Amino acid sequence: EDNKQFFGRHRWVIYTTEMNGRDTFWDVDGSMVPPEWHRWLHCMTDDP
Amino acid sequence: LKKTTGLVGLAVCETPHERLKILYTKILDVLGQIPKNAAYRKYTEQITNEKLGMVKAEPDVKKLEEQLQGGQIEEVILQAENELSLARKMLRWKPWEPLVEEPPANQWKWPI
Amino acid sequence: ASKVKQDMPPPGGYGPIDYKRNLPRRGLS
Amino acid sequence: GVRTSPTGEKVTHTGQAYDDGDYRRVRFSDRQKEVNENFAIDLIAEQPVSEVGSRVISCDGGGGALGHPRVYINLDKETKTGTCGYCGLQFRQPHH
Amino acid sequence: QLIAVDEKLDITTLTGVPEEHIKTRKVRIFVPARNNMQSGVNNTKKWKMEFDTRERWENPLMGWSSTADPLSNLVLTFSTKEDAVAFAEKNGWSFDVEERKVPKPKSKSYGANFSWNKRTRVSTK
Amino acid sequence: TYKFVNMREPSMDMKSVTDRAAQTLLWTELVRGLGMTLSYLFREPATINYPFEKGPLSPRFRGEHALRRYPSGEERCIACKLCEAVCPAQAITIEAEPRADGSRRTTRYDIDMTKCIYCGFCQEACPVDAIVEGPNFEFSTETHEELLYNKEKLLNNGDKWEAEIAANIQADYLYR
Amino acid sequence: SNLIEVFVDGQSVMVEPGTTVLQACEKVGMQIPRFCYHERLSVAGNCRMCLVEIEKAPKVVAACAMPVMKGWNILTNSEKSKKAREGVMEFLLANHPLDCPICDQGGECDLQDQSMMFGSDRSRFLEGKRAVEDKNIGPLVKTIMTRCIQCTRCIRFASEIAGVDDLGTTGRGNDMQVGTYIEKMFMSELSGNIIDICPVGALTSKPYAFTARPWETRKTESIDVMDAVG
Amino acid sequence: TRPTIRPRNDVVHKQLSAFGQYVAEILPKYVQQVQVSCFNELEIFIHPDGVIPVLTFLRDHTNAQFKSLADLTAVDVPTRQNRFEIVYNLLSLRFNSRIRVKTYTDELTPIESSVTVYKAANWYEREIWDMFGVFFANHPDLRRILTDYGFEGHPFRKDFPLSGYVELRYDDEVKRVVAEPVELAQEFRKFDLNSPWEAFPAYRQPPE
Amino acid sequence: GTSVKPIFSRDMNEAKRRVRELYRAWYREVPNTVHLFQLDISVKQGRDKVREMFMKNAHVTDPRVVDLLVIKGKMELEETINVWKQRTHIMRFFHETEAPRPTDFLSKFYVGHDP
Amino acid sequence: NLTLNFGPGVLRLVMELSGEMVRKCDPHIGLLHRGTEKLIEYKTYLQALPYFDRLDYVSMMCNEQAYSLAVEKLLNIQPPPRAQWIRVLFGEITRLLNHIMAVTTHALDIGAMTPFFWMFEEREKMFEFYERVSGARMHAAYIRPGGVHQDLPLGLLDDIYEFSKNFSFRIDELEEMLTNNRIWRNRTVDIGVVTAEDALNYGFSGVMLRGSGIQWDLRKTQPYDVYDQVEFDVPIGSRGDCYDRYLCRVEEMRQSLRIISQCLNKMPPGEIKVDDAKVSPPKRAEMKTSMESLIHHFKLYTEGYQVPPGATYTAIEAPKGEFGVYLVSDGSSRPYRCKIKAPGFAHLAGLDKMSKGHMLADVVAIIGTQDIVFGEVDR
Amino acid sequence: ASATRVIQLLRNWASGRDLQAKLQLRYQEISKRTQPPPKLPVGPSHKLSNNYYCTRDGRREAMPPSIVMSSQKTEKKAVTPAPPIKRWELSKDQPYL
Ligand code: SF4
Ligand code: SF4
Ligand code: SF4
Ligand code: SF4
Ligand code: FES
Ligand SMILES: [Mg+2]
Ligand SMILES: [Zn+2]
């Protein structure tokens, strides 16, 4: 996070390079975020 | 004299009192050919007579606007020829006659 | 116990909101 | 408690499984069959029976307004245990 | 200004219904029977016109209920039986009319429960 | 009360006429619009770095459906069929029967997610909070068939998203 | 003939002597609310839901059981009768269980429909409700007596129509219960009809349990072939 | 009447009733009935032959001048001999008022087109013809406006099925979009939501 | 009695006249329709289809119904003249994608319960 | 003179041209006719509420408000004051959304295309407001026939105020780009002129009236929720051309900001739906503790509420004009008839007259100035 | 915004207004995404006594429309549907834009 950025750009995620079974160095998608971090990242809460 | 009545397509009428008087006189003449017992004739007679009285009793045009309660004497004139045309159409129609026919038994029954 | 708590404007209201047209004249004859 | 059909298909908690001659199994070739592993009947069978010393006990499912509508259960029949119609939890008076 | 022609009204050629949905369907005109699970009678006031049930089969995917007739859910409401018959006739449907069933008046007496000599005497209340 | 938007009268003195002529000949308003666009170039863009950054949402957000269950592990749905009665799009199909222990449970619970209009009526008709419309919105599909959810898919959705679904319900349930 | 003239909401109607107020209202076209009254059963007068106001009378009368008198004006939509209906539904719903989603009689309940039409829209009952133990009277009728409203319709049906005197009321006060007092099965060739006459979900069909909701089902009027009665 | 009940306006009810008197008196040849609802809506029921005359009078009279045509529609009641109910909604900016004019017709009796009185009605009337099959005489250009070209039937009639009779798909054999009889993977579920125990006694009908 | 209000005609003779005029216009149009829309049918087939459509409504014995069908056919003709339809709309009249529904009792009995 | 067919919102347009001048213009609609009105007759009133979101899909809560007002008029109930204030606040927000969309897509079709992005940033912010209140970005289904579905979350009013105190400068930037530009003037000035009498006769409403000088606004003449209480000005044009309608719409954005300020300041406390559990559902806690509340929740969500028999025509001053509904109720829980009056229908009908003696490139400007969305036109 | 002084001065000159005063991007001035619980007061009908539904039943007070001039069964001044509408005032905040 970086609170000095404007709303929307103040939180971000760097995806892993290997999730369950595929190489994810390039093929990243937003469905890879688990539900708790999904709730934190989409700004539904302030509590990670 | 004012300009730009504000309604697009509605021109400014100089000397409106004379035009109003002529139009109301034509309205009364067309009304005279309606049967005396017709409600349309008597109501329009009363309204037009009142309007002629107001226009003849007031020389100022703005005060005439507040008195006539229609605003923008130009559209008062507009309604005048509208009423004249309606009077001619109504004389041709003859709608004071009794009802053409009653509706069926349950034509206006709601619900079902 | 607890009292009513819902979305309400703050005491004294909100500050004024500009709505008038504002197109300043740069200025040169 | 997921089981397995004689043909090899998993058996859902509803007991559904295509029989041997059914062509519809072709839909699962080169793919998978969506089956929930957590069977609610087994999971509720593992819950303990509560012991409350009253003839009537109320259940809302826990959580208050986050549960189910409140219901009241009679515990006068000693042969069995009172089961909540919504939550499935079981209650009992302290016999002996 | 009036034709004064005499012929029964038949609008089948104007409604746009397919041919086989006119000469093959059999409509039923009836006052729906009161639901036996409830004692209210407000649903047995009007006349309903409905159609004959056609085949419903199983969808191979999702196992839903598939149909091939468009008139499976068409129910029409009429004030009188004559109105319904007139509508069905002018629309060219063969119909079956059932006469309205009314519960006959009954003689209820609370005092009959406590009878001196009749069998209407109730054992408990 | 009313205002006039275009009832202005241009001044006809020589200075005003010269101003209008200079505007016509030297394109002053065109240069001023150029300046507006130029100023707008030098300010920070509003673009976010999707998929590494997400658009803000709410606890009230409607997304992929789910079937919840109690803490014990028993499913909440009791086949009351109010969600199916209230569905504006008739996307829910339900079939029920007594379970092996006499419990009132569904044997079929299908949602056609190509008929659903994501109105949330189903989750606000449910008395036991069984059907919810959860936070997930990234579930695009390569075939029409995978968007016809059955009971197993919805139960898996619930068990997958339960943490955040319960957190959102906790955040929002006092408004209902 | 021997008809007598009565008024319903100020409208005149000719009725035979001995006709009750409920039937007189029926002739005009109104259905008085009811729970314990059935046409084909004897008169009970228990639920007090049919209480209606007679003009110039200080007391409401049970329209199901009171024979109508010459010259009466039955005020069916008066304030007093409406208030009586509201109070009676309050008492009926006080101890009733919150079982509507799991009850097989969800969309076809006279208690629910009459609460929506003639009762109030909220409760002021701040106590705890009661629960009574369920009985077993066979494999055909499922029995959940916590939903019973003690209309005694089943008791009258069994006593009079089925000819079987198994059902009754045991106990007194709020602790009275409908049943057999023993582990007994209620077997008769007409046993299932008590499922239909019960206005609430206390007696429901056991094979039909949980399978459908009334608004879903399509109705087809047909004939029996199980015997020659048709 | 505490805060949950809509407030009532007696003044507007009286004014609308008086104007209903006025319109009734002026045109006895066509007007059949006048009604003012509890929420202050005034509607006048007239004979079909008076459509041009009644509409022209409302628009041009110094006391009416209902110069705006808000809407024109139809209602299908199959139980009536005159099946279709044509409704005109008119607005007067001068007196800040609204009026409704109702008329009846059936499948084979045309209605006089009021495009001469209101230019607004033109498309409106087309829609009615498209949706119910009501013919309007002397219409400048009457044809379908909303349904597909070649569509047979009038969808808004009460006896038209909800999903119609035909549906479209693509056929690779003929390499074009074709129309075939409708078959549904899941049939529409018809719900019997109406309950017994009438809700509003004030609308109870006589038992005949 | 049974007095009814005319649409266009006073009796069946004028209705027949209008039907003949409409058939004249349709017969004139069929060649231009076949050529312009690039149909794969023959002008003979199009004219036979027009004849079949006109024959479908041969049993009508009411001038109001007849001239209402005439108005509908004129609407369809105006659609085809101004090329408001497409090939698909025109091609539908021929049901080339529909399996032949049998008529004999034995065939129907085998396929299903639909009479 | 040749015939052109500009086919595929989605619009088909057949025009006879002599040179560049437009001799005849004929729009063919029905490409988005789904049959909303017939489908409504098979749904209850609650089930039929979401169709109005889809009717005019740039101003959603305005359609919701019109439908709710009609159903409330037939039900003889009234919403609580706070519900009315919320309705008017979100109606003004929706008016801002619609006017941004209309003006910027008009400019885009003309060819400007920069204010489109500049103001869709603000549109995204307003969608966030919609989402916070209802969980849906555009089809909120928030305004119900008894009030509003849910109360505002505890931080919504602050964010609405923060958004609304900078929007005037965004309008100012739009005006800098468009108002005085000579190319914009020559594209819009003296194009699509309509006279007051022809505007009245043709059934026009909304800005199309006021662009010709007619002093009419349903928020001023026939106020419906809390409109009489809030003060604002009604912009009136003078020439009846596209430029005057542009100026009217921009000034309407400014007056909407004014009303939004007033609504933010004068929000009252209380409940959000009518306290009548036979029309509006009870709270979840009441439903899970009370027998009457559970019965009423069950019946309201399965069968719905019965509406007394009657027919009404309810109209509102939606951003595109007078949006009305003619609702006919037979006494059951499903509407017997629901006719929808959309101003786009009348405006597109008048397009043929308004595009007389103009170039082919002016038909685009006239269609843009009518503010035509074909969901409401076709229904 | 993290804009240098020179760029800020240039953009304010090119635009013609003060831009940092009214920025387009949302920063820490907005409300928190985690909020305290509400209390949400109850409506007027939540009384315990004097609250019979027959006194607050809006639907049951609706009546069928009153029939006037059923054709099936005095000076007489002319009347209008409503008094003529008053002229609007000219907006003494900016009568002219
Ligand atoms: S999800 Fe809820 S509303 Fe739907 S059937 Fe299950 S318990 Fe009933
Ligand atoms: S969100 Fe709406 S459309 Fe979708 S399943 Fe739920 S009730 Fe049906
Ligand atoms: S008997 Fe009726 S009121 Fe009682 S729980 Fe069952 S459905 Fe609800
Ligand atoms: S079981 Fe049913 S019928 Fe028998 S007394 Fe109880 S409520 Fe009445
Ligand atoms: S119905 Fe009369 S007291 Fe029960
Ligand atoms: Mg029962
Ligand atoms: Zn429980």
# chains A, B, ... in the order shown; residues from 1 in each chain; ligands from 1

call {"tool": "residues_near_ligand", "arguments": {"ligand": "ligand 5", "cutoff": "9 Å", "atoms": "only C-alpha atoms and all ligand atoms", "output": "list in words"}}
result
residues 22, 32, 33, 34, 35, 36, 37, 38, 43, 44, 45, 46, 47, 48, 49, 50, 51, 61, 62, 63, 64, 65, 66 and 151 of chain G

call {"tool": "residues_near_ligand", "arguments": {"ligand": "ligand 6", "cutoff": "12 Å", "atoms": "only C-alpha atoms and all ligand atoms", "output": "VMD selection string"}}
result
(chain E and resid 36 to 39) or (chain G and resid 35 103 to 111 141 to 145 147 to 149 151 153 to 154 192 to 206 208 to 209)

call {"tool": "residues_around", "arguments": {"residues": "residue 25 (chain A)", "least_positions_apart": "4", "cutoff": "9 Å", "atoms": "only C-alpha atoms", "output": "PyMOL selection string"}}
result
chain A and resi 15-18

call {"tool": "residues_near_ligand", "arguments": {"ligand": "ligand 7", "cutoff": "10 Å", "atoms": "only C-alpha atoms and all ligand atoms", "output": "tab-separated table (two decimals) with C-alpha atoms, in the first residue's frame"}}
result
chain	number	residue	atom	x	y	z
D	58	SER	CA	-35.29	-22.02	22.26
D	59	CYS	CA	-32.92	-22.09	19.27
D	60	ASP	CA	-32.07	-19.31	16.82
D	61	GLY	CA	-29.11	-21.06	15.16
D	62	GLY	CA	-26.51	-18.83	16.80
D	67	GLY	CA	-29.15	-17.17	12.30
D	68	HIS	CA	-32.60	-18.55	11.56
D	69	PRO	CA	-35.98	-17.59	13.07
D	70	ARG	CA	-36.26	-18.47	16.74
D	71	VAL	CA	-38.10	-21.70	17.51
D	72	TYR	CA	-39.08	-23.46	20.72
D	73	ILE	CA	-38.59	-27.20	21.24
D	83	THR	CA	-34.09	-31.53	16.88
D	84	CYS	CA	-34.25	-27.98	15.54
D	85	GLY	CA	-36.25	-27.75	12.33
D	86	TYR	CA	-33.86	-25.22	10.79
D	87	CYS	CA	-30.40	-25.68	12.32
D	88	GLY	CA	-30.54	-29.42	12.96
D	89	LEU	CA	-29.00	-29.13	16.43
D	90	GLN	CA	-30.22	-31.60	19.03
D	91	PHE	CA	-31.28	-30.91	22.61
F	70	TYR	CA	-24.02	-23.09	9.66
F	76	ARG	CA	-28.69	-23.39	5.77

call {"tool": "select_by_dssp", "arguments": {"residues": "chain E", "states": "strand (DSSP E)", "output": "CSV table (one decimal) with N, CA, C and O atoms, in the first residue's frame"}}
result
chain,number,residue,atom,x,y,z
E,26,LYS,N,-58.1,-27.9,-27.7
E,26,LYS,CA,-59.5,-28.1,-27.1
E,26,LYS,C,-59.5,-27.3,-25.8
E,26,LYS,O,-58.8,-27.7,-24.9
E,27,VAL,N,-60.1,-26.2,-25.8
E,27,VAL,CA,-60.1,-25.3,-24.6
E,27,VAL,C,-61.2,-25.7,-23.7
E,27,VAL,O,-62.2,-26.3,-24.1
E,28,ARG,N,-61.0,-25.4,-22.4
E,28,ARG,CA,-62.0,-25.7,-21.3
E,28,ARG,C,-62.4,-24.4,-20.6
E,28,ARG,O,-61.5,-23.6,-20.3
E,29,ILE,N,-63.7,-24.2,-20.5
E,29,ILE,CA,-64.3,-23.1,-19.9
E,29,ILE,C,-64.9,-23.6,-18.6
E,29,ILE,O,-65.7,-24.5,-18.6
E,30,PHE,N,-64.4,-23.0,-17.4
E,30,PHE,CA,-64.8,-23.5,-16.1
E,30,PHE,C,-64.6,-22.5,-15.1
E,30,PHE,O,-63.8,-21.6,-15.2
E,47,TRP,N,-64.8,-16.8,-14.4
E,47,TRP,CA,-64.7,-17.9,-15.3
E,47,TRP,C,-63.3,-17.9,-16.0
E,47,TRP,O,-62.8,-16.9,-16.3
E,48,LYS,N,-62.7,-19.1,-16.0
E,48,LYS,CA,-61.4,-19.2,-16.7
E,48,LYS,C,-61.5,-20.1,-17.9
E,48,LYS,O,-62.3,-21.1,-18.0
E,49,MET,N,-60.8,-19.7,-18.9
E,49,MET,CA,-60.6,-20.4,-20.2
E,49,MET,C,-59.2,-20.9,-20.2
E,49,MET,O,-58.3,-20.0,-20.2
E,50,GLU,N,-58.9,-22.2,-20.4
E,50,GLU,CA,-57.6,-22.7,-20.4
E,50,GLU,C,-57.5,-23.7,-21.6
E,50,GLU,O,-58.6,-24.1,-22.2
E,56,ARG,N,-44.8,-32.6,-22.0
E,56,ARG,CA,-43.6,-32.0,-21.3
E,56,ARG,C,-42.6,-33.0,-21.1
E,56,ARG,O,-42.9,-34.1,-20.6
E,57,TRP,N,-41.3,-32.8,-21.6
E,57,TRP,CA,-40.3,-33.8,-21.4
E,57,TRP,C,-39.1,-33.2,-20.6
E,57,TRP,O,-39.2,-32.1,-20.1
E,58,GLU,N,-38.1,-34.0,-20.5
E,58,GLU,CA,-37.0,-33.7,-19.6
E,58,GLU,C,-35.8,-33.2,-20.5
E,58,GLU,O,-35.5,-33.8,-21.5
E,65,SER,N,-37.7,-29.0,-17.3
E,65,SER,CA,-39.0,-29.4,-17.9
E,65,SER,C,-39.2,-28.6,-19.2
E,65,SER,O,-39.4,-27.4,-19.2
E,66,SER,N,-39.0,-29.2,-20.4
E,66,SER,CA,-39.1,-28.6,-21.7
E,66,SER,C,-40.5,-28.8,-22.3
E,66,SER,O,-41.1,-29.9,-22.0
E,67,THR,N,-40.9,-27.9,-23.1
E,67,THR,CA,-42.2,-28.0,-23.7
E,67,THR,C,-42.1,-27.5,-25.2
E,67,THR,O,-41.1,-26.8,-25.5
E,76,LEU,N,-57.2,-17.3,-19.6
E,76,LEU,CA,-58.0,-16.1,-19.8
E,76,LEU,C,-59.1,-16.0,-18.8
E,76,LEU,O,-59.7,-17.1,-18.3
E,77,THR,N,-59.5,-14.8,-18.4
E,77,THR,CA,-60.5,-14.6,-17.4
E,77,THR,C,-61.7,-13.8,-17.9
E,77,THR,O,-61.6,-12.8,-18.6
E,78,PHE,N,-62.9,-14.3,-17.6
E,78,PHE,CA,-64.2,-13.8,-18.1
E,78,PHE,C,-65.2,-13.6,-17.0
E,78,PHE,O,-65.2,-14.3,-16.0
E,94,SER,N,-62.5,-25.2,-30.4
E,94,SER,CA,-63.5,-26.1,-29.9
E,94,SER,C,-63.3,-26.1,-28.4
E,94,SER,O,-62.2,-26.3,-27.8
E,95,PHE,N,-64.5,-26.0,-27.7
E,95,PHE,CA,-64.5,-25.8,-26.2
E,95,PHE,C,-65.4,-26.8,-25.5
E,95,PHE,O,-66.3,-27.3,-26.1
E,96,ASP,N,-65.1,-27.0,-24.3
E,96,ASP,CA,-65.9,-27.8,-23.4
E,96,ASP,C,-66.3,-26.9,-22.2
E,96,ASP,O,-65.4,-26.3,-21.5
E,97,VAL,N,-67.6,-26.7,-22.0
E,97,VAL,CA,-68.1,-25.8,-20.9
E,97,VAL,C,-68.6,-26.7,-19.8
E,97,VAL,O,-69.4,-27.6,-20.0

call {"tool": "residues_around", "arguments": {"residues": "residue 86 (chain K)", "least_positions_apart": "2", "cutoff": "12 Å", "atoms": "only C-alpha atoms", "output": "number ranges by chain"}}
result
B: 65-66, 69-71; F: 1; H: 93-96; J: 215-216, 220-221; K: 82-84, 88-89

call {"tool": "write_last_selection", "arguments": {"atoms": "N, CA, C and O atoms", "output": "PDB file, in the first residue's frame"}}
result
ATOM      1  N   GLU B  65     -52.584  42.437 -19.675  1.00  0.00           N
ATOM      2  CA  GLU B  65     -52.051  41.086 -19.527  1.00  0.00           C
ATOM      3  C   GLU B  65     -52.392  40.506 -18.159  1.00  0.00           C
ATOM      4  O   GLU B  65     -52.893  39.380 -18.063  1.00  0.00           O
ATOM      5  N   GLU B  66     -52.133  41.258 -17.082  1.00  0.00           N
ATOM      6  CA  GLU B  66     -52.499  40.712 -15.771  1.00  0.00           C
ATOM      7  C   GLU B  66     -54.011  40.555 -15.626  1.00  0.00           C
ATOM      8  O   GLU B  66     -54.474  39.621 -14.964  1.00  0.00           O
ATOM      9  N   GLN B  69     -55.320  37.374 -17.513  1.00  0.00           N
ATOM     10  CA  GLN B  69     -54.801  36.148 -16.912  1.00  0.00           C
ATOM     11  C   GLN B  69     -54.396  35.110 -17.954  1.00  0.00           C
ATOM     12  O   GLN B  69     -54.524  33.906 -17.718  1.00  0.00           O
ATOM     13  N   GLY B  70     -53.914  35.550 -19.111  1.00  0.00           N
ATOM     14  CA  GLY B  70     -53.399  34.632 -20.107  1.00  0.00           C
ATOM     15  C   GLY B  70     -51.941  34.890 -20.418  1.00  0.00           C
ATOM     16  O   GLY B  70     -51.210  33.980 -20.818  1.00  0.00           O
ATOM     17  N   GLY B  71     -51.512  36.140 -20.254  1.00  0.00           N
ATOM     18  CA  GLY B  71     -50.126  36.514 -20.454  1.00  0.00           C
ATOM     19  C   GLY B  71     -49.757  36.578 -21.920  1.00  0.00           C
ATOM     20  O   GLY B  71     -50.244  35.762 -22.708  1.00  0.00           O
TER      21      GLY B  71
ATOM     22  N   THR F   1     -39.110  30.091 -10.662  1.00  0.00           N
ATOM     23  CA  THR F   1     -38.174  31.061 -11.214  1.00  0.00           C
ATOM     24  C   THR F   1     -37.401  30.456 -12.379  1.00  0.00           C
ATOM     25  O   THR F   1     -37.190  29.247 -12.427  1.00  0.00           O
TER      26      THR F   1
ATOM     27  N   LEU H  93     -50.989  23.070 -20.115  1.00  0.00           N
ATOM     28  CA  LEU H  93     -50.013  23.916 -19.443  1.00  0.00           C
ATOM     29  C   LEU H  93     -50.635  25.206 -18.934  1.00  0.00           C
ATOM     30  O   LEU H  93     -50.154  25.769 -17.945  1.00  0.00           O
ATOM     31  N   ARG H  94     -51.682  25.695 -19.601  1.00  0.00           N
ATOM     32  CA  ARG H  94     -52.316  26.940 -19.181  1.00  0.00           C
ATOM     33  C   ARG H  94     -52.893  26.821 -17.781  1.00  0.00           C
ATOM     34  O   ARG H  94     -52.627  27.664 -16.917  1.00  0.00           O
ATOM     35  N   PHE H  95     -53.683  25.784 -17.536  1.00  0.00           N
ATOM     36  CA  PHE H  95     -54.311  25.585 -16.243  1.00  0.00           C
ATOM     37  C   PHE H  95     -53.602  24.536 -15.406  1.00  0.00           C
ATOM     38  O   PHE H  95     -54.056  24.240 -14.296  1.00  0.00           O
ATOM     39  N   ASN H  96     -52.498  23.974 -15.903  1.00  0.00           N
ATOM     40  CA  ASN H  96     -51.668  23.040 -15.149  1.00  0.00           C
ATOM     41  C   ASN H  96     -52.481  21.818 -14.720  1.00  0.00           C
ATOM     42  O   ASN H  96     -52.556  21.467 -13.542  1.00  0.00           O
TER      43      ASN H  96
ATOM     44  N   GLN J 215     -42.108  27.962 -20.782  1.00  0.00           N
ATOM     45  CA  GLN J 215     -41.787  27.903 -19.357  1.00  0.00           C
ATOM     46  C   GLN J 215     -42.594  26.772 -18.734  1.00  0.00           C
ATOM     47  O   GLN J 215     -43.740  26.952 -18.320  1.00  0.00           O
ATOM     48  N   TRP J 216     -41.980  25.593 -18.662  1.00  0.00           N
ATOM     49  CA  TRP J 216     -42.635  24.413 -18.121  1.00  0.00           C
ATOM     50  C   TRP J 216     -41.594  23.502 -17.494  1.00  0.00           C
ATOM     51  O   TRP J 216     -40.536  23.267 -18.083  1.00  0.00           O
ATOM     52  N   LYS J 220     -41.377  22.077 -10.899  1.00  0.00           N
ATOM     53  CA  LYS J 220     -41.881  23.356 -10.420  1.00  0.00           C
ATOM     54  C   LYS J 220     -43.401  23.426 -10.443  1.00  0.00           C
ATOM     55  O   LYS J 220     -44.012  23.948  -9.508  1.00  0.00           O
ATOM     56  N   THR J 221     -44.026  22.902 -11.497  1.00  0.00           N
ATOM     57  CA  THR J 221     -45.469  23.042 -11.648  1.00  0.00           C
ATOM     58  C   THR J 221     -46.223  21.987 -10.849  1.00  0.00           C
ATOM     59  O   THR J 221     -47.207  22.303 -10.171  1.00  0.00           O
TER      60      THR J 221
ATOM     61  N   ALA K  82     -58.528  24.290 -13.631  1.00  0.00           N
ATOM     62  CA  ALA K  82     -57.792  24.821 -12.496  1.00  0.00           C
ATOM     63  C   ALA K  82     -57.526  26.301 -12.712  1.00  0.00           C
ATOM     64  O   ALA K  82     -57.532  26.770 -13.846  1.00  0.00           O
ATOM     65  N   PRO K  83     -57.300  27.053 -11.628  1.00  0.00           N
ATOM     66  CA  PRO K  83     -57.007  28.462 -11.850  1.00  0.00           C
ATOM     67  C   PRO K  83     -55.815  28.618 -12.770  1.00  0.00           C
ATOM     68  O   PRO K  83     -54.893  27.781 -12.769  1.00  0.00           O
ATOM     69  N   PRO K  84     -55.793  29.671 -13.587  1.00  0.00           N
ATOM     70  CA  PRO K  84     -54.690  29.841 -14.540  1.00  0.00           C
ATOM     71  C   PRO K  84     -53.350  29.931 -13.827  1.00  0.00           C
ATOM     72  O   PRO K  84     -53.243  30.478 -12.728  1.00  0.00           O
ATOM     73  N   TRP K  88     -43.911  32.995 -14.030  1.00  0.00           N
ATOM     74  CA  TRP K  88     -42.714  32.734 -13.251  1.00  0.00           C
ATOM     75  C   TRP K  88     -41.916  34.017 -13.040  1.00  0.00           C
ATOM     76  O   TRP K  88     -41.962  34.951 -13.843  1.00  0.00           O
ATOM     77  N   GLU K  89     -41.172  34.050 -11.940  1.00  0.00           N
ATOM     78  CA  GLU K  89     -40.314  35.175 -11.601  1.00  0.00           C
ATOM     79  C   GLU K  89     -38.941  35.001 -12.238  1.00  0.00           C
ATOM     80  O   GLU K  89     -38.510  33.889 -12.544  1.00  0.00           O
TER      81      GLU K  89
END

call {"tool": "select_by_dssp", "arguments": {"residues": "chain E", "states": "helix (DSSP H, G or I)", "output": "list in words"}}
result
residues 12, 13, 14, 15, 19, 20, 21, 70, 71, 72, 73, 81, 82, 83, 84, 85, 86, 87, 88, 89, 90, 111, 112, 113 and 114 of chain E

call {"tool": "interface_residues", "arguments": {"of": "chain H", "to": "chain B", "cutoff": "10 Å", "atoms": "only C-alpha atoms", "output": "JSON, numbers by chain"}}
result
{"H": [22, 23, 24, 25, 26, 27, 28, 29, 30, 31, 32, 33, 45, 46, 47, 48, 49, 50, 53, 54, 56, 57, 58, 59, 60, 61, 62, 63, 65, 77, 78, 79, 80, 81, 82, 83, 85, 94, 95, 102, 103, 104, 203, 204, 205]}

call {"tool": "residues_near_ligand", "arguments": {"ligand": "ligand 1", "cutoff": "7 Å", "atoms": "only C-alpha atoms and all ligand atoms", "output": "ChimeraX atom specification"}}
result
/F:67,76-84,122,125-131 /G:101

call {"tool": "closest_residue", "arguments": {"among": "K:17, K:26, K:87, K:59", "to": "chain C", "atoms": "only C-alpha atoms"}}
result
K:17

call {"tool": "interface_residues", "arguments": {"of": "chain H", "to": "chain K", "cutoff": "8 Å", "atoms": "only C-alpha atoms", "output": "PyMOL selection string"}}
result
chain H and resi 1-6+12+15-22+24+32-38+63-64+93-97+200-203

call {"tool": "residues_near_ligand", "arguments": {"ligand": "ligand 2", "cutoff": "10 Å", "atoms": "only C-alpha atoms and all ligand atoms", "output": "count of residues only"}}
result
37

call {"tool": "residues_around", "arguments": {"residues": "region 29-43 of chain D", "least_positions_apart": "4", "cutoff": "8 Å", "atoms": "only C-alpha atoms", "output": "PyMOL selection string"}}
result
(chain D and resi 1-2+10-13+25+47) or (chain F and resi 72-75+101+152-153+155-156)

call {"tool": "residues_around", "arguments": {"residues": "residue 24 (chain D)", "least_positions_apart": "6", "cutoff": "9 Å", "atoms": "only C-alpha atoms", "output": "list in words"}}
result
residues 18 of chain D; 60 and 61 of chain E

call {"tool": "write_last_selection", "arguments": {"atoms": "C-alpha atoms", "output": "PDB file, in the first residue's frame"}}
result
ATOM      1  CA  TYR D  18     -25.379 -42.164 -13.747  1.00  0.00           C
TER       2      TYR D  18
ATOM      3  CA  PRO E  60     -30.992 -33.766 -21.230  1.00  0.00           C
ATOM      4  CA  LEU E  61     -28.908 -30.982 -19.658  1.00  0.00           C
TER       5      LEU E  61
END
